[PDB]
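The chain that follows stands alone, in the form deposited in one PDB entry, written as structure tokens.
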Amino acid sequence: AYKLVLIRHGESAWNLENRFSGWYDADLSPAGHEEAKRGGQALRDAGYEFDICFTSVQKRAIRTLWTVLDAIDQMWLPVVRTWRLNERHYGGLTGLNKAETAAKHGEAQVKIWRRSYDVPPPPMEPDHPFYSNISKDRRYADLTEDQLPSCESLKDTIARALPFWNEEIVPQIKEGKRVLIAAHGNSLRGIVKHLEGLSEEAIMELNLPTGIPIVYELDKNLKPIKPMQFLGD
């Protein structure tokens, strides 16, 4: 059976993972970096070998990948980065903590957003402190108008992640390349939902742990032959 490993990055600076970090390019905190080290060491202890790596264009994921590759002595592997594996774009909520979000929008609406599969947050407007920082970042300069989000529902996030999965990652897996993916909660949710055929409600209830290698064994049709497995202790 094919083997696929996913890893979700850990903690980012300034408590940004509890502040809808989204497309803001927050770095790992020292603790998130250590999480990645422990994941890498788990993969090393278990003797894992990869042939190709995929990650987003966000430095907290990239640095997670770097840390893992360092730990397993496979810094020489080919690495492919794509905005399509980015975290969900949280629009105008980006950077806000829970209290600020509730104060600005009300508990009713926040409940609706938190439980909805295809309702996006409000768009990130020009007066948002991250607006030019993100929308005019030259790493997205080749994106067309529809491609560069101002906000995303979970449905949107999964919709732009899965074409990369199908077009770039799947052919590698079917060639027998051992794939490592270092990415984010919601883009990885897209992949997991596709792999396991999960419902919208199920994927919204699924919370992937951070810094832990997530192992899939896939058959010839890229269907898991058993539940996802975690490496470490």
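Shifts are known only where both forms have a C-alpha. Numbering starts at 1 and runs along the sequence shown. Definition used throughout: the rigid core is the maximal C-alpha set that superposes within 1.5 Å between two forms.
In what follows, reference is made to the form deposited in another entry, a form of this protein that is not presented.
- Among the candidates 81, 104, 155, 139, displacement between the shown form and the other one reaches 2 angstroms at the C-alpha for one position only, 104 (superposition on the rigid core).
- Residue 16: CA moves 2 Å or more between the shown form and the other one after rigid-core fitting.
- Compared with the form shown here, the Cα atoms of residue 203 and residue 14 sit 3 Å or more closer together in the other entry.
- Whereas the displayed form keeps them at a certain spacing, the CA atoms of residue 89 and residue 14 lie at least 3 angstroms closer in the other entry.
- Listed in sequence order, the runs of 3 or more residues present in both forms whose C-alphas shift by at least 2 angstroms between the shown form and the other one, with the core superposed, are 14-18, 98-100, 102-116.
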